[PDB]
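Please read the structure below before turning to the comments.
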Amino acid sequence: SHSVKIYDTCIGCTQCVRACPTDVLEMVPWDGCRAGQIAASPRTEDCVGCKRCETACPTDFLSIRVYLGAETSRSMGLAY
Amino acid sequence: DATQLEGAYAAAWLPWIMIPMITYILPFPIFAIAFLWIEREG
Amino acid sequence: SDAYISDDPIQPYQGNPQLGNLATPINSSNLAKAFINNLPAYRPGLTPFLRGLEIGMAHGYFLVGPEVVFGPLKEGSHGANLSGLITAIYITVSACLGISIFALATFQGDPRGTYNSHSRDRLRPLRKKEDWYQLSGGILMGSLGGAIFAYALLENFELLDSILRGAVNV
Amino acid sequence: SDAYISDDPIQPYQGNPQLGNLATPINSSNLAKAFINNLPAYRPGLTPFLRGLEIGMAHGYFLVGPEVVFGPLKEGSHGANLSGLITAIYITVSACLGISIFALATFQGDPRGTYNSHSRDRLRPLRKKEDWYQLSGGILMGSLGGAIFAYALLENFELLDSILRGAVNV
Amino acid sequence: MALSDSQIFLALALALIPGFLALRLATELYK
Amino acid sequence: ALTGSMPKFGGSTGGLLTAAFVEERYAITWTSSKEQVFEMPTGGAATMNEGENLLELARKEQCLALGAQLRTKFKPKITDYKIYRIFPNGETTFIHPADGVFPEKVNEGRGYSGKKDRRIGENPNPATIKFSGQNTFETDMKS
Ligand code: CLA
Ligand code: CLA
Ligand code: CLA
Ligand code: CLA
Ligand code: CLA
Ligand SMILES: CCCCCCCCCCCCCCCC(=O)OC[C@H](COP(=O)(O)OC[C@@H](O)CO)OC(=O)CCCCCCCCCCCCCCC
Ligand SMILES: CC1=C(/C=C/C(C)=C/C=C/C(C)=C/C=C/C=C(C)/C=C/C=C(C)/C=C/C2=C(C)CCCC2(C)C)C(C)(C)CCC1
Ligand SMILES: CC1=C(/C=C/C(C)=C/C=C/C(C)=C/C=C/C=C(C)/C=C/C=C(C)/C=C/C2=C(C)CCCC2(C)C)C(C)(C)CCC1
Ligand SMILES: CC1=C(/C=C/C(C)=C/C=C\C(C)=C\C=C/C=C(C)/C=C/C=C(C)/C=C/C2=C(C)CCCC2(C)C)C(C)(C)CCC1
Ligand code: SF4
Ligand code: SF4
């Protein structure tokens with residue numbers, strides 16, 4: 001499975017969550033930014049590694065990083 | 001002159017059997033042993 | 001609107017449109033099924049050894065010919081038939097070593113893929129490793145025998161020719 | 001004092017010091033076990049027919065040679081190979097008749113010795129008479145085939161020799 | 001002068017010592 | 001156990017294979033107000049029935065591609081789709097929406113599962129976690 005890490009430079013714009021094709025990410029309350037939200041990655045067993053979440057992130061540097069890890073049949077995107 | 005393979009060297013019957021063993025007799029057993037080694041389950 | 005509302009020659013596989021196949025005349029006609037389902041791989045009721053035996057007989061028989069006609073020994077009859085025989089022997093022993101190691105590697109616990117217990121593959125019915133070992137033994141026996149039967153018919157081609165021309169009735 | 005208090009290379013068999021065996025490098029190393037446990041007699045999962053088939057192939061093959069080199073027919077090639085072939089055939093049929101009558105005499109009710117249901121012999125895994133009959137049939141088939149394969153390679157030794165010297169590429 | 005058959009067979013028998021020493025080192029390095 | 005009519009479809013080669021039945025299958029259910037044509041994520045065009053629809057797909061990404069098509073390519077939008085994971089023993093597990101809202105919104109009760117209070121440029125540099133097993137983000141400090 002890949003590791004998706006969310007850092008405190010997150011601004012809760014939700015764009016990483018909206019860009020995820022496999023529903024790894026969701027928003028949780030934070031009170032660490034003024035949106036009141038921060039991304040989280042519980043279903044990271046579903047992560048394929050497309051890094052659409054990283055492309056959608058506006059902060060410099062990214063508040064979300066995907067580290068490609070051990071490949072499973074889900075992270076390899078195999079329908080066979 | 002050379003109608004077939006020869007050996008003008010000592011124990012010249014040894015290529016005759018060594019080239020089959022190294023190249024097309026023992027390799028498929030070795031491939032099977034390595035395949036069974038890499039596909040064995042925990 | 002039209003997506004499975006009209007009745008066409010091409011149907012979903014097993015009536016399930018979410019399966020990854022279609023029911024076309026080549027996999028679903030009565031002639032195609034009558035031929036394929038009665039081939040030794042699929043004939044109902046047969047033990048794996050007899051399936052393998054008939055597969056091997058048919059296979060070792062035709063595998064002699066390509067080297068008899070095209071091989072390095074083709075300039076002479078006796079050597080051509082011997083080169084074809086040992087080519088069929090080598091291909092048989094390699095293929096059966098592959099069948100044996102496929103069964104050895106696949107059937108480890110609950111297998112993965114089509115030989116898993118939950119698999120729905122109709123085209124792969126040898127679900128046990130015992131079936132695969134009986135198949136390997138049968139294919140080996142039948143193929144080595146069919147190869148030497150083709151070899152013996154090609155060695156005695158002068159006799160089989162004089163027989164089938166009635167030259168033996170003098 | 002010292003009796004199994006220090007850790008030595010030679011251990012009790014299966015950790016049981018009251019068993020009549022020792023765990024030495026010849027019956028308990030990884031190389032010795034990897035070789036023996038994967039021999040056809042002991043390879044896991046195989047059907048008895050395939051075990052016997054591979055045992056027979058290997059056995060009938062080498063049994064041709066001693067009479068080819070040392071037999072009464074050794075002064076001539078053709079007769080030497082025939083004497084070796086029929087010696088392998090006779091030894092095979094005698095050994096398989098022995099396997100059949102061993103299975104016939106042993107498996108009568110609950111057998112005595114290592115084929116009793118309570119036996120713990122790891123070195124004798126063919127516990128049923130069906131295993132022994134499948135083994136006998138396989139050893140017979142494989143051994144008669146391996147004997148005639150060695151015979152056919154020795155009969156065509158002139159051709160196999162010209163092939164392996166490239167004398168067929170003229 | 002040229003080598004003899006016994007000199008080739010001495011080589012073949014003596015290379016069984018690195019041949020099995022290599023297998024022992026390969027299995028001691030644990031694949 | 002899952003309610004819904006299979007969408008009207010002629011079948012394709014892009015559908016379920018062996019791994020669907022030996023590893024895992026996914027199902028997406030949705031309610032449509034009218035019988036209308038959508039694009040299968042497996043290729044082709046199918047027709048959703050009026051009412052409740054249930055479709056089995058091979059990947060969760062296919063079920064989420066279909067769901068994104070439902071809620072964007074149709075007027076009115078179909079936003080009530082539910083995605084389930086089906087196991088070879090028959091066990092069905094409701095996965096999407098994981099909570100019951102929709103990941104893009106914020107629910108009180110979800111909980112942190114990837115948060116690392118840092119700022120990326122301050123992970124522990126790899127010279128110190130060498131023979132440890134941890135790699136540089138699965139840690140706890142900040143250097
Ligand atoms: C200088 C050469 C050299 C040395 C000292 C080592 C040393 C080591 N290797 Mg190795 N290796 C090598 C070359 C070498 N390797 C090459 C060229 C390959 C690519 C094929 C490999 C692939 C490899 C793998 C996959 C593994 C090792 C592993 C290891 C370690 C355990 C020992 C072992 O299992 O043997 C190595 C096992 C082998 C199978 C070596 C391959 C031998 C040759 C290259 C294969 C040729 C086969 C050929 C087709 C024969 C068929 C015909 C035949 C009839 C002659 C050890 C430190 C193992 C380990 O635990 O890593 C820490 C491990 O699993 N190696
Ligand atoms: C690594 C050195 C080396 C190389 C590249 C070769 C290459 C060759 N040898 Mg030779 N051999 C060698 C060492 C070597 N040999 C040694 C030290 C001996 C004395 C025992 C021999 C005895 C020998 C005989 C009797 C014959 C050959 C023959 C041959 C030729 C055909 C292949 C064959 O039959 O193998 C046969 C090999 C052996 C019988 C023993 C090989 C022992 C070596 C040391 C193994 C080396 C393993 C290597 C270091 C590991 C690499 C790991 C991997 C990554 C590749 C080929 C050109 C044949 C020939 O002459 O063709 C016309 C022939 O029949 N060799
Ligand atoms: C590179 C391709 C290639 C080449 C060069 C050959 C070459 C050859 N084939 Mg072959 N073949 C091939 C591909 C090829 N084939 C393929 C792809 C198939 C389909 C699987 C076949 C199926 C086939 C069959 C069935 C036969 C050949 C035969 C032959 C030999 C020709 C006849 C002869 O020499 O003596 C003349 C013929 C005879 C001396 C025997 C006459 C046939 C007897 C009377 C009946 C044979 C039993 C019959 C098959 C039983 C049917 C069982 C069941 C289906 C009802 C020849 C060497 C024949 C052969 O092997 O001879 C031993 C032969 O019977 N081939
Ligand atoms: C595909 C390309 C190709 C073809 C057609 C050939 C053909 C040939 N090669 Mg060659 N070769 C090739 C590639 C090829 N080679 C390459 C890339 C190399 C390395 C550079 C070589 C190196 C090589 C060497 C060293 C030699 C040859 C030799 C030969 C000849 C005999 C070998 C033989 O019969 O094997 C046996 C073939 C079989 C056992 C099976 C053949 C496949 C069957 C016929 C398929 C039938 C399918 C069937 C129609 C479908 C059934 C449908 C069903 C419904 C019934 C033959 C004419 C030998 C020779 O002496 O030349 C005269 C020889 O010594 N080749
Ligand atoms: C009294 C003792 C005795 C005597 C007199 C012989 C005499 C003979 N042996 Mg034999 N052998 C013996 C004991 C004996 N053996 C024992 C105790 C074993 C161990 C079980 C063997 C194992 C053995 C093998 C494996 C072979 C012989 C062969 C031969 C023949 C020599 C080669 C030849 O003439 O043509 C020259 C050689 C050929 C014409 C064929 C060359 C070999 C081909 C290319 C490969 C053979 C397949 C190969 C074994 C596959 C390996 C399978 C797997 C292990 C990987 C000869 C008549 C050879 C033979 O029988 O020829 C048919 C042969 O291959 N012997
Ligand atoms: C060069 C001449 C012709 C070559 C033919 C032989 C090539 C090698 C064949 C491989 C058989 C070894 C199987 C080990 C079987 C075994 O004992 O398993 C040991 C080990 C794993 O074993 P396990 O711990 O799982 O053992 C558990 C079971 O055995 C029972 O508990 O496997 C390996 O080490 C693989 C690395 C071997 C790498 C080999 C390369 C080294 C070259 C050796 C040169 C050999 C020359 C010998 C003749 C002089
Ligand atoms: C699809 C199809 C087709 C085709 C077919 C084919 C492909 C063919 C064929 C064929 C073949 C390919 C056949 C075969 C065969 C065979 C046989 C007939 C065999 C045999 C054998 C034997 C008899 C052996 C024996 C033995 C043994 C076992 C042991 C010892 C040695 C001896 C030798 C005695 C067509 C189009 C036409 C039409 C119909 C359908
Ligand atoms: C312990 C050991 C050793 C030894 C080994 C040995 C002992 C060897 C061998 C060997 C052998 C001993 C081999 C063999 C073989 C074989 C074969 C290869 C076979 C065959 C066959 C066939 C192929 C047949 C066929 C047939 C049939 C079945 C039917 C009809 C007729 C015919 C002919 C077709 C050494 C030290 C070196 C090292 C390693 C380990
Ligand atoms: C005993 C005898 C004999 C016989 C002999 C023979 C038959 C042989 C053989 C054979 C040989 C002659 C062999 C060999 C060898 C092998 C080798 C020498 C190897 C190697 C290698 C290596 C060094 C390894 C490496 C490695 C490592 C280290 C680890 C893993 C990876 C690799 C694989 C890379 C004669 C009669 C003469 C004399 C008397 C008795
Ligand atoms: S890499 Fe792709 S699948 Fe993984 S969390 Fe990012 S967008 Fe989602
Ligand atoms: S896209 Fe970046 S900034 Fe926006 S919520 Fe996701 S991790 Fe935070």
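Chain identifiers are assigned as A, B, and so on, following the order in which chains appear in the structure tokens; residues are numbered from 1 within each chain, and ligands are numbered from 1 in order of appearance.
Taking only C-alpha atoms and all ligand atoms into account, the residues that come within 6 Å of ligand 6 are residues 30, 31, 33 and 34 of chain D; 16, 19, 20, 22, 23, 26, 27, 30 and 31 of chain E.
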Close residues to ligand 10 using only C-alpha atoms and all ligand atoms, limit 10 Å, as a PyMOL selection string: (chain A and resi 1-5+15-26+40-56+64-68+75+77) or (chain F and resi 61)
Same residues, C-alpha atoms, saved as an mmCIF file, in the first residue's frame:
data_model
loop_
_atom_site.group_PDB
_atom_site.id
_atom_site.type_symbol
_atom_site.label_atom_id
_atom_site.label_comp_id
_atom_site.auth_asym_id
_atom_site.auth_seq_id
_atom_site.Cartn_x
_atom_site.Cartn_y
_atom_site.Cartn_z
ATOM 1 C CA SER A 1 0.000 0.000 0.000
ATOM 2 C CA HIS A 2 1.074 3.583 -0.565
ATOM 3 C CA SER A 3 1.494 6.113 2.236
ATOM 4 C CA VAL A 4 -0.442 9.367 1.920
ATOM 5 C CA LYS A 5 0.722 11.949 4.462
ATOM 6 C CA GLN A 15 -9.302 19.753 -3.797
ATOM 7 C CA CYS A 16 -7.219 16.683 -3.000
ATOM 8 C CA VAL A 17 -10.352 14.859 -1.838
ATOM 9 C CA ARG A 18 -12.275 15.844 -4.963
ATOM 10 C CA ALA A 19 -9.437 14.687 -7.235
ATOM 11 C CA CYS A 20 -9.045 11.229 -5.708
ATOM 12 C CA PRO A 21 -10.326 8.561 -8.128
ATOM 13 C CA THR A 22 -10.417 5.789 -5.534
ATOM 14 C CA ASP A 23 -11.764 7.628 -2.418
ATOM 15 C CA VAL A 24 -8.741 7.471 -0.139
ATOM 16 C CA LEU A 25 -9.063 10.971 1.282
ATOM 17 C CA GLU A 26 -11.688 12.783 3.317
ATOM 18 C CA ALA A 40 -7.002 12.587 6.012
ATOM 19 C CA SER A 41 -6.125 9.303 4.304
ATOM 20 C CA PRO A 42 -7.712 6.292 6.069
ATOM 21 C CA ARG A 43 -8.525 4.175 3.013
ATOM 22 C CA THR A 44 -4.930 4.257 1.845
ATOM 23 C CA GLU A 45 -5.187 0.542 1.076
ATOM 24 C CA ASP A 46 -7.203 1.785 -1.917
ATOM 25 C CA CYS A 47 -4.510 4.223 -3.079
ATOM 26 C CA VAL A 48 -3.334 3.531 -6.604
ATOM 27 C CA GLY A 49 -0.620 6.204 -6.616
ATOM 28 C CA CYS A 50 -1.878 8.458 -9.407
ATOM 29 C CA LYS A 51 -0.915 11.572 -7.369
ATOM 30 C CA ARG A 52 -3.962 13.509 -8.576
ATOM 31 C CA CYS A 53 -4.299 14.685 -4.980
ATOM 32 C CA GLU A 54 -0.803 16.167 -5.192
ATOM 33 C CA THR A 55 -1.593 17.862 -8.502
ATOM 34 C CA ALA A 56 -4.717 19.369 -6.934
ATOM 35 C CA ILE A 64 -0.178 16.063 0.767
ATOM 36 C CA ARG A 65 2.512 13.574 -0.247
ATOM 37 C CA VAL A 66 2.063 10.098 -1.676
ATOM 38 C CA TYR A 67 4.920 7.658 -1.162
ATOM 39 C CA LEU A 68 4.562 4.640 -3.428
ATOM 40 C CA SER A 75 -2.487 -0.343 -5.846
ATOM 41 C CA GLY A 77 -4.996 -1.113 -10.497
ATOM 42 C CA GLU F 61 -12.048 3.056 -9.364
#
12 Å contact set for residue 36 in chain A, only C-alpha atoms, chain neighbours under 4 positions out, as an MDAnalysis selection string: (chainID A and resid 10:14 27:32) or (chainID F and resid 105:108)
All residues having an atom within 9 Å of ligand 1 (only C-alpha atoms and all ligand atoms) as a list in words: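 Checking only C-alpha atoms and all ligand atoms against ligand 1 at 9 Å gives residues 21, 22, 23, 24, 25, 26, 27, 28, 29, 30, 31, 34 and 38 of chain B; 23, 25, 26, 27, 28, 29, 30 and 31 of chain E.
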Interatomic distance (Å, one decimal) between atom 59 (C, counted along the ligand's line) of ligand 5 and CA of residue 10 in chain E: 23.6 Å
Protein and nucleic acid residues within 10 Å of ligand 5 (only C-alpha atoms and all ligand atoms) as a PyMOL selection string: (chain B and resi 16-21+24-30) or (chain C and resi 90+93) or (chain D and resi 54+57-71+77+80-81+84+146-161+164)
Site check for ligand 2: residues at most 7 Å away, only C-alpha atoms and all ligand atoms, as JSON, numbers by chain: {"B": [14, 15, 18, 19, 22], "E": [8, 11, 12, 14, 15]}
Residues from the last selection, N, CA and C atoms, saved as a short mmCIF file (atom, residue, chain, number, x, y, z; two decimals), in the first residue's frame:
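The file below, selection.cif, is the result:
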data_model
loop_
_atom_site.label_atom_id
_atom_site.label_comp_id
_atom_site.auth_asym_id
_atom_site.auth_seq_id
_atom_site.Cartn_x
_atom_site.Cartn_y
_atom_site.Cartn_z
N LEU B 14 34.69 -35.38 -24.35
CA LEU B 14 34.05 -34.62 -23.28
C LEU B 14 33.19 -33.46 -23.79
N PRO B 15 33.59 -32.68 -24.83
CA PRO B 15 32.62 -31.75 -25.42
C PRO B 15 31.35 -32.41 -25.90
N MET B 18 29.33 -32.85 -22.75
CA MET B 18 29.29 -31.64 -21.89
C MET B 18 28.43 -30.54 -22.51
N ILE B 19 28.47 -30.38 -23.83
CA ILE B 19 27.68 -29.32 -24.46
C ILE B 19 26.19 -29.66 -24.37
N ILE B 22 25.28 -29.04 -20.38
CA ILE B 22 25.27 -27.65 -19.97
C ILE B 22 24.22 -26.84 -20.71
N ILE E 8 43.08 -34.27 -17.70
CA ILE E 8 41.77 -33.65 -17.80
C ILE E 8 40.82 -34.19 -16.74
N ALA E 11 41.59 -32.59 -13.42
CA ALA E 11 40.95 -31.29 -13.37
C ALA E 11 39.48 -31.40 -13.05
N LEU E 12 38.80 -32.34 -13.70
CA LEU E 12 37.36 -32.52 -13.51
C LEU E 12 37.04 -32.97 -12.09
N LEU E 14 39.07 -32.46 -9.41
CA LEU E 14 39.55 -31.47 -8.46
C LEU E 14 38.68 -30.22 -8.45
N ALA E 15 37.95 -29.95 -9.53
CA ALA E 15 37.02 -28.82 -9.53
C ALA E 15 35.71 -29.12 -8.82
#
Shell of 12 Å around residue 90 in chain F, only C-alpha atoms, local chain residues under 5 positions omitted, as a list in words: residues 118 of chain C; 1, 2, 20, 21, 22, 23, 24, 25, 26, 84 and 85 of chain F
Write the residues of the selection above to a file with C-alpha atoms, as a short mmCIF file (atom, residue, chain, number, x, y, z; two decimals), in the first residue's frame.
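As a result, result.cif now contains:
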data_model
loop_
_atom_site.label_atom_id
_atom_site.label_comp_id
_atom_site.auth_asym_id
_atom_site.auth_seq_id
_atom_site.Cartn_x
_atom_site.Cartn_y
_atom_site.Cartn_z
CA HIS C 118 -14.33 -19.74 -5.50
CA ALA F 1 -28.96 -8.85 -0.32
CA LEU F 2 -28.34 -5.84 -2.56
CA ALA F 20 -13.70 -10.64 -9.51
CA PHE F 21 -14.77 -13.96 -8.05
CA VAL F 22 -11.49 -15.06 -6.47
CA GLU F 23 -10.26 -11.74 -4.99
CA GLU F 24 -13.05 -9.12 -4.84
CA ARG F 25 -15.93 -7.47 -6.71
CA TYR F 26 -17.52 -4.08 -6.21
CA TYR F 84 -20.03 -1.98 -1.75
CA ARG F 85 -17.15 -4.45 -1.75
#
Long-range neighbours of residue 24 in chain C as a PyMOL selection string, 10 Å cut-off, only C-alpha atoms, 4 positions minimum in chain: chain C and resi 9-13+28-29
Coordinates-based distance that separates atom 23 (C, counted along the ligand's line) of ligand 9 from CA of residue 36 in chain B (Å, one decimal): 22.9 Å
8 Å contacts from chain D to chain B using only C-alpha atoms, as a PyMOL selection string: chain D and resi 162+164-167+170
Hey, can you spit out that residue selection with N, CA, C and O atoms as a PDB file, in the first residue's frame?
ATOM      1  N   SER D 162      26.605 -38.834 -35.395  1.00  0.00           N
ATOM      2  CA  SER D 162      26.794 -37.919 -36.518  1.00  0.00           C
ATOM      3  C   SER D 162      26.031 -36.615 -36.312  1.00  0.00           C
ATOM      4  O   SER D 162      26.470 -35.559 -36.767  1.00  0.00           O
ATOM      5  N   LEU D 164      25.487 -35.139 -33.230  1.00  0.00           N
ATOM      6  CA  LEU D 164      26.138 -34.349 -32.203  1.00  0.00           C
ATOM      7  C   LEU D 164      27.546 -33.936 -32.604  1.00  0.00           C
ATOM      8  O   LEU D 164      28.204 -33.224 -31.846  1.00  0.00           O
ATOM      9  N   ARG D 165      28.018 -34.375 -33.767  1.00  0.00           N
ATOM     10  CA  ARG D 165      29.230 -33.873 -34.378  1.00  0.00           C
ATOM     11  C   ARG D 165      28.958 -32.956 -35.555  1.00  0.00           C
ATOM     12  O   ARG D 165      29.908 -32.510 -36.204  1.00  0.00           O
ATOM     13  N   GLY D 166      27.703 -32.668 -35.857  1.00  0.00           N
ATOM     14  CA  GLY D 166      27.386 -31.821 -36.989  1.00  0.00           C
ATOM     15  C   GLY D 166      27.658 -32.440 -38.334  1.00  0.00           C
ATOM     16  O   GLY D 166      27.849 -31.720 -39.313  1.00  0.00           O
ATOM     17  N   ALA D 167      27.678 -33.765 -38.412  1.00  0.00           N
ATOM     18  CA  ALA D 167      27.930 -34.448 -39.668  1.00  0.00           C
ATOM     19  C   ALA D 167      26.697 -34.518 -40.544  1.00  0.00           C
ATOM     20  O   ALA D 167      26.776 -35.040 -41.659  1.00  0.00           O
ATOM     21  N   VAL D 170      25.910 -31.438 -44.039  1.00  0.00           N
ATOM     22  CA  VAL D 170      26.600 -31.429 -45.320  1.00  0.00           C
ATOM     23  C   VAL D 170      25.593 -31.158 -46.439  1.00  0.00           C
ATOM     24  O   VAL D 170      24.458 -31.637 -46.410  1.00  0.00           O
TER      25      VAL D 170
END
